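Chemist: so I've got this experimental structure, pasted below with the sequence.
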Amino acid sequence: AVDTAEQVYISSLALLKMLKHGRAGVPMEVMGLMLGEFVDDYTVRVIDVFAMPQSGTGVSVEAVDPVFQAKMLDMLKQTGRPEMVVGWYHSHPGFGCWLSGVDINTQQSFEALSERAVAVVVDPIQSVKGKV
Amino acid sequence: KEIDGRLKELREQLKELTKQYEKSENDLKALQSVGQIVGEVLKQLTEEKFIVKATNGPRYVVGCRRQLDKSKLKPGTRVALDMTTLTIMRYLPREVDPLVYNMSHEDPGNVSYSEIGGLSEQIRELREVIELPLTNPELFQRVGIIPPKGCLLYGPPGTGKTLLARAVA
Amino acid sequence: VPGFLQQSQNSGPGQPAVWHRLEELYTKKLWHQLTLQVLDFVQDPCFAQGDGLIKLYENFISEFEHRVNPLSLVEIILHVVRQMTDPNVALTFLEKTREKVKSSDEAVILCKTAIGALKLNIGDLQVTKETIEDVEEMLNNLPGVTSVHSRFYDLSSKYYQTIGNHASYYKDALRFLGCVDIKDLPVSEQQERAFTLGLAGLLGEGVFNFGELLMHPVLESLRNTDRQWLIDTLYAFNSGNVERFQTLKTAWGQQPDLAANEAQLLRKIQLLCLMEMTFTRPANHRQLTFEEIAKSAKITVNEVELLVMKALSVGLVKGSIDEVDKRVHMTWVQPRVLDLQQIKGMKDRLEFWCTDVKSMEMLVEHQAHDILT
Amino acid sequence: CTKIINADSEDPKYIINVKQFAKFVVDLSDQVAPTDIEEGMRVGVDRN
Amino acid sequence: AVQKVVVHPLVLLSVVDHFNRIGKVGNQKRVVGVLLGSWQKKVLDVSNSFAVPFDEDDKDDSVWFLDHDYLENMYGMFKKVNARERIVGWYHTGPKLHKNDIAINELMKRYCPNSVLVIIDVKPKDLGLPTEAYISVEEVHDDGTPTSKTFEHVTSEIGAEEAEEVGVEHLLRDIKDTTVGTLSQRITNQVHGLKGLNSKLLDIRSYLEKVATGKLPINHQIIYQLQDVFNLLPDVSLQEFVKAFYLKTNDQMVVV
Amino acid sequence: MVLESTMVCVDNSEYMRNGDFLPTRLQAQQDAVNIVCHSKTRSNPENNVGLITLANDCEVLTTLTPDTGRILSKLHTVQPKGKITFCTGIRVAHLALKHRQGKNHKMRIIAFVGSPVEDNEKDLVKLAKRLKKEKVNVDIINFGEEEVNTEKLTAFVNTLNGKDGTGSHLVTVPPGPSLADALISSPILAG
Amino acid sequence: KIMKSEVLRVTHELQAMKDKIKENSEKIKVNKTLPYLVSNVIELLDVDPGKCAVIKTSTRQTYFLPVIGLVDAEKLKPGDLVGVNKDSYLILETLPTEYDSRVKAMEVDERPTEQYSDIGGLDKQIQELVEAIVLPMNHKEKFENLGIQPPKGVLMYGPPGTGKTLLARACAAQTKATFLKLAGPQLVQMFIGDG
Ligand SMILES: Nc1ncnc2c1ncn2[C@@H]1O[C@H](COP(=O)(O)OP(=O)(O)O)[C@@H](O)[C@H]1O
Ligand SMILES: Nc1ncnc2c1ncn2[C@@H]1O[C@H](COP(=O)(O)OP(=O)(O)O)[C@@H](O)[C@H]1O
């Protein structure tokens, strides 16, 4: 129940994956999980992020396939560098910095799973020239 | 032969079949496919600025980014837009009246126009209004006239008008 | 098979030792090592006089083992096929080898080369043009096998004495020289090969550069002891040297295939004597006056028009041609060997450009200390 | 928003005309059995 | 077979980070993976990268290992999330290329027919080159030369990925690498342009000098075919300035 | 339970397609691969067996996996036309099996040799010393005609099983026919 | 020979092939379970430099899904009321159209139950039209094999109260097929083209 002035060390390649995934799945509100680790309470660092195809159901927890996520994590461990899951990202063309009702529900499930599971709103359409 | 003939069964069942993984990907490709909004370019604002009317909503302006061949785009052309990508990603020709298209391209298998008798004068009227203008424009060029436009048929409800229309179709 | 082995142990001194090896190899079912033994016996210092008998024995052994190495067997039995020396049945022999080994390996394409070689020896009209073209048409997805490529290069080099290919025949002969590096054959025959290639360049028309043979040590050292006047003439064609006396001595030095085309030698050397001015002077002397042309080509005034015409056609000089002052503008788009021993000239010009660029960069920096400092 | 329903398939799917002019079909919510909903009856739809 | 390749500003930093993260325990200096992208109009582009731990031995350069099952699973996942992305080539660090590249290319070309090699200089930033592209051509070295490997460089240019301008501007936000300050910025444009021209042409002069000394093998058969025209092109004739004495000097004097 | 991770390097030399065994020696070695993989599967179906090649290449596609069909499919039509590179083959087998695997999984490399080899004695002794320093556990099984259990192979095995090692043996097979059950009888339960 | 390798691929390549459309279909059938935009097909036969489509959506939008990525235009003939993706903006699947308000159910009886026994008097005429209408329904294959296409237009004229309506419904019941009744005297509509 301690949340100070926390800061996220997001990586540039994580940004590039975000913009590429959003540019690919523009109107679909594509989903993903931000691969980060709580090195301490508030200095969270994210080095990598992945792109996952949103299922036809829409924004659902089962859309992020658990077996596929586990296999992806194992692939990262074997080749690359392992990294924990304490966050998520989502291209949000609908409206701005808030979460829809279903987004809140799936973030609540993520919060139950993880410790914080930060709710990150990235708007792929509003970011055009200077402000992402 | 058992190791020969049992093969010839199993691959044939597929061929046309087992053609699903890519159909699945294509419709998944559709699942994350961006749907690009469609308008008609009313006029070209500048060489890079083009005034386009959404078929329903307001006129926007968009701009080709690097290689969309802005020269071939014309006032009234069809292009695909996205409220996010800010540009035209590809261009698209026109339409063909689909409802009319199929009901005008579903002429049933008829018999020749020679299978109806007593209307040879009407047959040659159809020939010298349809075939003659396109086969021999040189004669009419020496004439120096435009070919006629249309012909009217009328009379008792039973004449063969539907047969003649279906035969020429 | 044991009976044939017993019969085959005779008909040669030292053969039964190899035949015992052959007996062991098929006892343990060896095919590749068997091909090496067959390779050793065929390349043994003997003429293989019993060509028909050994053909029957080899076909006997191969047909009852039916697992030998295909490409290497055909590489070896082809010696027996050529040695049998009867073209009417030799074509059937090559078809039989094709039927016995019809795989897409070196075997089939080698059989095609054998067909083409036979057509050269007799009947040079039946399938000669189709065969030679089809070899290259079938060397697809085969970048560096280099075995049958050398074969194809050899046939087409021997096809130089045919109307179809003269300049291309020289090109593939160079390809043979590159692909096979060691001598692997008498120096005198290579010197003869160098003589034929030299005559090919002299007689040819499109071979203006004709690189990899002008100053190539592999080709020149063959004739470094005999007919060095051929070495000098090719060097004249390379560096643009005229040596009209020596080149005329070249014309009647090797009378066959040179006497009729000595006029073509005149035109080519006049064509290629201007390149020495072209690269040495990077537009430093861009006024190619008639007197300068006369010094470079020792040609008359009326022939200058034809020479510069052919120069524009081939690609030596593409500049404007005047006649009030007779000035030829200098552009070259067909580079060739620049006598790498004389690379100091272009190195000096390049370092001159480096000094000029750096000096002007420093000068503008000196004029710009009021902004950049 | 609430709108009428048009028709349905054999059982699971429901082809519906909506006051948003919508050619609308949905899996009926788990709390609602297909028996209760009948053709030509107004049903509210959750925007999500 | 491709005409040219174009590298995005999208994978260069990803490869460098992959080098950094897997180099913690693997100090082989050799990082080998695959670059994924698309090839549409004789222009090849790279959109994704992946690194695999990779060890080497100097003995004939034939000692190595990879995780091909994991790498193949990555490709399936990448294609599933984005169908247009496909393996365009395989990359290796260590610009001093060794001999195992031919074996790696043979193994990975089952994913891409025109297998290409890419070298990323993680630590080196010599002048501005982030990476280099390599095409495998073993179809005879030349007309009259012996057999060789001869991995040539297909021309590579850094492309302009979309939607990354926002991120890069926010990232740097300190240098402003744009034409801002038109007069001063173009002066800097002239400065390093002369710096690049002087450095590269000096390298060409050094190569000509070293060819003259002959300590290194001479690839003259393409060197003089490409540099002779460069030298003889008549850009030194000043009589066209005489014909164009007012080339723009009229525009110079009106601007004054 | 003590689980075994085995990486097999199979001799795809130019001679392996000969018919010394009934189909071929290449198929006989393939039959040697799937029976030992079957035995690993019967011990525990999640035992993993992977393929390594040494015919101027190192096949890694068939990774350290329990499934055997990928080995059978990929090793089939291997085109046994190239040469043999013994020094590279076992070494790359070490690196490939050095990849991510359970620490409980016992590391073991098995080698199949069926053709005569022409390699330097000094180079292979240097490899044996290097593998001795690296504490490598490799057993080698021969097949068909060869200078079977040659001086290089005997010294290579002796270094890898000596100094109170596992005790893996190399069998001196008769040229041509061989009894694969007798070849793998000892290392399947002892070594 | 070469079977056991082929089919171990084939049966595996059969089942995995079909499973992914089973995945995909689901991934698009939930979208097909959530279509929201009517399909006012304004077609283009856009041959790729095959076809294409314009969909006037319910929310007054237009979506040019390329080459119609899911449904063949042979069955996707133009009209309205054919599934369109709410998110992918693609044609989803065909569905029944709208039967012109009045025609949806004007007086259509699903199945009449009146029997032929309760009518009579004109038995020669009723048997005549049964042979011309009912037999072309039950024994339609008899006419197909014979080669004579049965006539369709039967005009039953006579003063009211002669049992024409019962006979038509009784014949429809005997055919066990759909019966549609038209209120002829009220087809004269003031709206143009309404009738
Ligand atoms: N001149 C004719 N020759 C042959 N058949 C005819 C003729 N006139 C009418 N029919 C018959 O009438 C039917 C076609 O109707 P039609 O008279 O063409 O309608 P409309 O007169 O409204 O065009 C066909 O079954 C055909 O057999
Ligand atoms: N043959 C018949 N058998 C039984 N009822 C009949 C018969 N003929 C007429 N009807 C009666 O007539 C009514 C149908 O009237 P209507 O359809 O207006 O006559 P029509 O069909 O001659 O125009 C029915 O209610 C039916 O009870």
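Modeler: Perfect, thanks for sending it. Numbering: from 1, shown residues only, chains lettered A, B, ... in the order given. Ligands and ions are numbered 1, 2, ... in the order given.
Chemist: run the chain-centre distance for whichever strand or helix holds residue C:171.
Modeler: Secondary structure from DSSP states H and E places residue C:171 in helix C:167-179. The chain centre lies 2 Å from the centre of helix C:167-179; the measure is Cα atoms, centre = their mean, to the nearest Å.
Chemist: buried residues in it?
Modeler: Using 16 or more other Cβ atoms under 10 Å in any protein chain shown as the burial criterion, the residues of helix C:167-179 that qualify are C:168, C:169, C:170, C:171, C:172, C:173, C:174, C:175, C:176, C:177, C:178, C:179. Using the backbone N, CA and C atoms, a C-beta is placed for each residue, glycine as well.
Chemist: the fifth one contacts residue C:153, doesn't it?
Modeler: Yes. A contact is recorded between residue C:172 and residue C:153 when judged using Cβ atoms under 8 Å, the distance being 4.4 Å.
Chemist: for chain B, what is the nearest residue in the stretch 251-373 of chain C?
Modeler: Proximity of the stretch 251-373 of chain C to chain B (Cβ to the nearest Cβ) peaks at residue C:333, 30.4 Å away.
Chemist: who touches the closest residue to that residue other than its chain neighbours in this structure?
Modeler: Once flanking residues are discounted, residue C:333 sits nearest to residue C:315: 5.3 Å by Cβ to Cβ, 6 or more residues apart in numbering or on different chains. Residue C:315 sits next to C:208, C:332, C:333, C:334 when contact means Cβ atoms under 8 Å, 6 or more residues apart in numbering or on different chains.
Chemist: and those residues, which is closest to residue B:52?
Modeler: residue C:333 (47.4 Å; Cβ to Cβ).
Chemist: mind checking what secondary structure the closest residue to residue E:108 other than its chain neighbours has?
Modeler: Ranked by Cβ to Cβ, 6+ apart and with sequence neighbours excluded, the top spatial neighbour of residue E:108 is residue E:90, at 4.8 Å. Here residue E:90 is recorded as strand under DSSP: H, G, I helix; E, B strand; the rest coil.
Chemist: which of the contacts of residue C:315 lies closest to chain D?
Modeler: Using Cβ to the nearest Cβ, residue C:333 is the member of the contacts of residue C:315 that lies nearest chain D, at 66.2 Å.
Chemist: would you check that the closest one makes contact with residue E:229?
Modeler: Yes. Counting by Cβ under 8 Å, residue C:333 does reach residue E:229; the two are 6.4 Å apart.
Chemist: which one's more surrounded, these two?
Modeler: Higher neighbour count among residue C:333 and residue E:229: residue E:229, with 15 against 12, using other Cβ atoms under 10 Å in any protein chain shown.
Chemist: where does that one land in three-state SS?
Modeler: helix.
Chemist: any idea how far it lies from chain C?
Modeler: Here residue E:229 is placed at a distance of 6 Å from chain C (Cβ to the nearest Cβ, to the nearest Å).
Chemist: which residues touch that residue?
Modeler: Contact partners of residue E:229, counting by Cβ under 8 Å, 6+ apart, are C:332, C:333, C:335.
Chemist: how about the second one, phi and psi?
Modeler: Same thing as residue C:333. phi -130, psi 10 (degrees, to the nearest 10).
Chemist: contacting residues for it?
Modeler: For residue C:333, the contact set (Cβ under 8 Å, 6+ apart) comprises C:315, C:318, E:229.
Chemist: would you mark the buried spots in stretch C:212-221?
Modeler: C:212, C:213, C:214, C:215, C:216, C:218, C:219, C:220.
Chemist: need those residues in JSON lines with distance to residue F:168 and secondary structure, can you?
Modeler: Converted to JSON lines, those look like this (distance: Cβ to Cβ, whole Å; DSSP: H, G, I helix; E, B strand; the rest coil):
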{"residue": "C:212", "distance to residue F:168": "56", "secondary structure": "coil"}
{"residue": "C:213", "distance to residue F:168": "60", "secondary structure": "coil"}
{"residue": "C:214", "distance to residue F:168": "63", "secondary structure": "coil"}
{"residue": "C:215", "distance to residue F:168": "61", "secondary structure": "coil"}
{"residue": "C:216", "distance to residue F:168": "57", "secondary structure": "coil"}
{"residue": "C:218", "distance to residue F:168": "53", "secondary structure": "helix"}
{"residue": "C:219", "distance to residue F:168": "58", "secondary structure": "helix"}
{"residue": "C:220", "distance to residue F:168": "61", "secondary structure": "helix"}
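Chemist: will you turn the residues you listed into CSV that also has distance to residue G:32?
Modeler: Formatted as CSV, these follow (distance: Cβ to Cβ, whole Å):
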residue, distance to residue G:32
C:212, 67
C:213, 72
C:214, 74
C:215, 75
C:216, 72
C:218, 73
C:219, 75
C:220, 79
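Chemist: could you restrict those to the ones contacting ligand 1?
Modeler: Among these, not one lies near ligand 1 by Cβ under 6 Å from any ligand atom.
Chemist: looking at those, which is nearest chain D?
Modeler: Chain D lies nearest to residue C:212 out of the buried residues of stretch C:212-221, by Cβ to the nearest Cβ, at 73.1 Å.
Chemist: and the residue of chain D nearest chain B?
Modeler: Distances between chain D and chain B by Cβ to the nearest Cβ are smallest at residue D:21, namely 12.2 Å.
Chemist: what's the closest of the contacts of residue C:333 to residue C:81?
Modeler: Among the contacts of residue C:333, residue C:315 lies closest to residue C:81 (Cβ to Cβ), at 46.0 Å.
Chemist: distance of that closest one from chain A?
Modeler: Residue C:315 is 48 Å from chain A, where distance means Cβ to the nearest Cβ.
Chemist: same check, this time on residue E:116
Modeler: Distance of residue E:116 to chain A, given as Cβ to the nearest Cβ: 20 Å.
Chemist: looking at this, residue B:80 is in a helix?
Modeler: No. Judged by three-state DSSP, residue B:80 forms no part of a helix; its state is strand.
Chemist: assign residue A:111 to helix, strand or coil.
Modeler: Here residue A:111 is recorded as helix under three-state DSSP.
Chemist: not counting its neighbours along the chain, what's nearest it?
Modeler: Sequence neighbours aside, residue A:117 is the residue nearest to residue A:111 in space, at 4.6 Å (criterion: Cβ to Cβ, 6+ apart).
Chemist: equivalent analysis for residue B:82, please.
Modeler: Going by Cβ to Cβ, 6+ apart, residue B:82 has residue B:36 as its nearest residue, at 5.0 Å.
Chemist: does the one you found really touch residue B:89, like I thought?
Modeler: Yes. Between residue B:36 and residue B:89 there is a contact under Cβ under 8 Å: 6.4 Å.
Chemist: looking at the two, which one has more neighbours?
Modeler: Between residue B:36 and residue B:89, counted using other Cβ under 10 Å, residue B:36 has the larger neighbour count: 23 against 15.
Chemist: give me every residue that touches that one.
Modeler: Counting by Cβ under 8 Å, 6+ apart, residue B:36 touches B:80, B:81, B:82, B:89, B:90, G:64.
Chemist: in chain B, where's the longest strand?
Modeler: strand B:37-43 (DSSP state E).
Chemist: whether that strand contacts chain G - can you check?
Modeler: Yes. On the criterion Cβ under 8 Å from any Cβ of the partner chain, strand B:37-43 is in touch with chain G at B:37, B:38.
Chemist: buried stuff in that strand?
Modeler: B:37, B:38, B:39, B:41.
Chemist: what's the answer for stretch C:21-30, then?
Modeler: For stretch C:21-30, burial by neighbour count (16+ other Cβ under 10 Å) applies to C:21, C:22, C:23, C:25, C:26, C:28, C:29, C:30.
Chemist: now tabulate these in TSV and tack on distance to ligand 2 and secondary structure.
Modeler: Formatted as TSV, those follow (distance: Cβ to the nearest ligand atom, whole Å; DSSP: H, G, I helix; E, B strand; the rest coil):
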residue	distance to ligand 2	secondary structure
C:21	110	helix
C:22	107	helix
C:23	108	helix
C:25	104	helix
C:26	101	helix
C:28	102	coil
C:29	97	coil
C:30	101	coil
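Chemist: want to throw those residues into a markdown table with distance to chain B?
Modeler: Listed next are these as a markdown table, based on distance: Cβ to the nearest Cβ, whole Å:
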| residue | distance to chain B |
| --- | --- |
| C:21 | 37 |
| C:22 | 34 |
| C:23 | 35 |
| C:25 | 31 |
| C:26 | 28 |
| C:28 | 29 |
| C:29 | 24 |
| C:30 | 29 |
